[PDB]
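Peer 1: Quick one: this structure, given as structure tokens, is what I'll be asking you about.
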Amino acid sequence: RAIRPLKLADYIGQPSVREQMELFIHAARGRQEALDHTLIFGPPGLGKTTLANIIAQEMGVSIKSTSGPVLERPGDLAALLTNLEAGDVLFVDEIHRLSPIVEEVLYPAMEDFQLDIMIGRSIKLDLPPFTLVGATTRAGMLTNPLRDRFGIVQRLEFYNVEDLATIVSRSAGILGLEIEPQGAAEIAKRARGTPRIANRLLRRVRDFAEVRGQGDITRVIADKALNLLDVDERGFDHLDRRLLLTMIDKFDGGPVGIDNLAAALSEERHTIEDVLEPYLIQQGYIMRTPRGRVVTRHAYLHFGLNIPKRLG
Ligand SMILES: Nc1ncnc2c1ncn2[C@@H]1O[C@H](COP(=O)(O)OP(=O)(O)O)[C@@H](O)[C@H]1O
Numbered sequence: 022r023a024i025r026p027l028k029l030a031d032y033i034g035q036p037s038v039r040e041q042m043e044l045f046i047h048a049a050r051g052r053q054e055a056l057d058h059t060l061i062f063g064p065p066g067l068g069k070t071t072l073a074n075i076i077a078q079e080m081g082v083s084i085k086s087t088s089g090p091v092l093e094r095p096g097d098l099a100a101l102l103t104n105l106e107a108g109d110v111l112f113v114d115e116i117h118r119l120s121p122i123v124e125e126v127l128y129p130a131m132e133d134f135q136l137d138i139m140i146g147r148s149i150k151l152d153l154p155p156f157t158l159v160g161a162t163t164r165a166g167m168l169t170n171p172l173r174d175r176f177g178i179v180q181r182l183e184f185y186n187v188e189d190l191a192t193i194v195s196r197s198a199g200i201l202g203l204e205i206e207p208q209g210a211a212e213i214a215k216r217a218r219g220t221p222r223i224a225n226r227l228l229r230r231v232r233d234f235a236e237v238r239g240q241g242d243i244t245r246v247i248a249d250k251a252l253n254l255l256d257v258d259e260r261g262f263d264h265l266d267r268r269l270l271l272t273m274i275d276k277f278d279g280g281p282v283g284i285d286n287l288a289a290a291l292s293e294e295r296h297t298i299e300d301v302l303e304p305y306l307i308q309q310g311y312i313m314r315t316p317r318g319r320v321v322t323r324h325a326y327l328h329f330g331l332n333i334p335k336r337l338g
């Protein structure tokens, strides 16, 4: 009863990514080689970890999962690399958070299948072929050397509402739930472009339907459930609305720099930049400028506020 895709045939709504990865995986298997190192980037919840695990599943190999911050010293990486079997996937989430010195170990491992680490003497060791799968919230914060060493680069974008409905409908089928097409669309419309949120919202709407309705997912059941969850009709939660209202109230709409906003919210810089902003920017509620972030007129309109008429 698991809803996370395990094979590439169940990876809905990124047709270019799936058609490309199907091809490169089939070719690499055909040669009995490891897949070329693969970089997957885009906002969180889009399916980067999911895709990393599908790669290992379709290649028929093991995946060791790790993260940038988990690797404090070069030897932390070296121990993972020397425990890999030939063809295994080494998945490094948040790969941009590798310290500059730990990332230096990665260049010859990826390029030459060799480990070159200091201990002061340098030691050089042969590594078996393997696939480094890196993921990051967007590729621009990688160094040129690391970025250029990936042979395959996949870009994940926010999903459109029709593909989210398809994912919601498929998950409701796997969960054994009756769902009307308009119920799938109501969740999809308010799921913030993300399959992770759409699936989580489906699980909570199912609870509402089972305790308060008749067990099946309808548009009205979905709406009431999402209202109870405090997710509005654009998919904004309490933090999204607080971000916009802080910019409007405390900063007159902006421009406001990212440090000022993080302080005024008591959130970290990276959660604004990576978790909150990218959907709000894609949908036209916030703009970046060299002087800072500004809200657009659509942020005012969304809350039923008068649009200010001033000068910049
Ligand atoms: N293409 C897709 N089709 C269906 N479900 C997906 C897809 N991509 C991701 N998911 C779902 O989204 C959720 C989170 O995905 P994840 O791989 O953790 O995203 P990321 O690592 O990019 O934050 C999982 O429950 C998975 O079921």
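Heads up: the sequence shown is residues 22 to 140, 146 to 338, going by the authors' numbering.
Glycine included, every Cβ here is placed at the ideal spot set by N, Cα and C.
(1) Quick one: residues with CB closer than 6 angstroms to any heavy atom of ligand 1, in chain order, please.
(2) Tell me, to the nearest whole angstrom, how far the beta carbon of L182 is from that of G68; I am working on the premise that it is less than 8 angstroms.
(3) Near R295, which residues of its chain fall below 6 angstroms by C-beta distance, leaving aside the five closest residues on each side in sequence?
(4) Tell me the rounded alpha-carbon separation between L228 and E206.
(5) Compute the beta-carbon to beta-carbon distance between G63 and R222, rounded to the nearest angstrom, for a pair I have assumed lies under 8 angstroms.
(6) According to the neighbour-count rule (16 or more other Cβ atoms, all chains shown, within 10 Å of its Cβ), is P26 buried or exposed?
(7) Can the beta-carbon of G310 be found closer than 8 angstroms to that of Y185?
(8) How many Å lie between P90 and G160 at the Cα?
(9) Taking the alpha carbon of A107 as the reference point, which residue from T322, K85, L252, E93 has its own alpha carbon closest?
(10) Taking the straight line between their C-alpha atoms, what separation do you get for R22 and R317?
(11) What does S83 pair with, by DSSP beta-bridge criteria?
(12) In chain order, what are the residue ranges of uninterrupted alpha helix (DSSP H) at least 4 long that sit wholly in the segment 182–211?
(13) Taking the straight line between their C-alpha atoms, what separation do you get for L136 and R173?
(14) Measure the C-alpha to C-alpha separation of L271 and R226 and round it to an integer number of angstroms.
(15) Kindly indicate which three-state DSSP category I284 falls into: helix, strand or coil?
(16) How long is the line joining the alpha carbons of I213 and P304, rounded to whole angstroms?
(17) If you compare alpha carbons, which of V126, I243, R230 is closest to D256?
(18) Might you give, ordered along the chain, the residues of its own chain that have their beta carbon closer than 8 angstroms to the beta carbon of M273, omitting 5 neighbours on each side?
(19) When the distance is taken between beta carbons, is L168 closer than 8 angstroms to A130?
(20) Can you tell which of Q41, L302, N170, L119 has its C-alpha closest to the C-alpha of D263?
(21) CB-CB under 7 angstroms to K335, same chain, minus the five flanking residues each way: which ones, in chain order?
(22) Just reading off the beta strand (DSSP E) that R230 is part of, what are its end residues?
(23) Alpha helix (DSSP H) containing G51: first to last residue?
(24) Measure the C-alpha to C-alpha separation of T244 and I24 and round it to an integer number of angstroms.
Peer 2: Quick answer:
(1) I24, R25, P26, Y32, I33, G34, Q35, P65, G66, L67, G68, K69, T70, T71, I193, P221, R222, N225
(2) Right, the Cβ-Cβ distance comes to about 6 angstroms (below 8 angstroms), so this counts as a contact.
(3) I284, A288
(4) Rounded to the nearest angstrom, the two C-alpha atoms are 13 angstroms apart.
(5) Going by Cβ atoms, the distance from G63 to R222 rounds to 12 angstroms, so no, they are not a contact pair.
(6) By the neighbour-count rule (16 or more Cβ atoms within 10 Å), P26 is buried.
(7) In this structure, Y185 does not lie closer than 8 angstroms to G310 by Cβ.
(8) 13 angstroms
(9) Of the listed residues, the one whose Cα sits closest to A107 is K85.
(10) 49 angstroms
(11) Beta-bridge analysis with DSSP links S83 to no other residue.
(12) List check, alpha helix (DSSP H) in window: 187–200.
(13) In this structure, the straight-line span from the alpha carbon of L136 to that of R173 is close to 19 angstroms.
(14) 26 angstroms
(15) helix
(16) 20 angstroms
(17) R230
(18) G279, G280, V282, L287, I312, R319, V320, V321, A325
(19) no
(20) For the options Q41, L302, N170, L119, the alpha carbon positioned closest to that of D263 is the one of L302.
(21) The beta carbon of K335 sits closer than 7 angstroms to no other beta carbon from its chain once the five residues preceding and following it are set aside.
(22) Run containing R230: none in the beta strand (DSSP E); it sits in the alpha helix (DSSP H), 221–238.
(23) 36–51
(24) 20 angstroms
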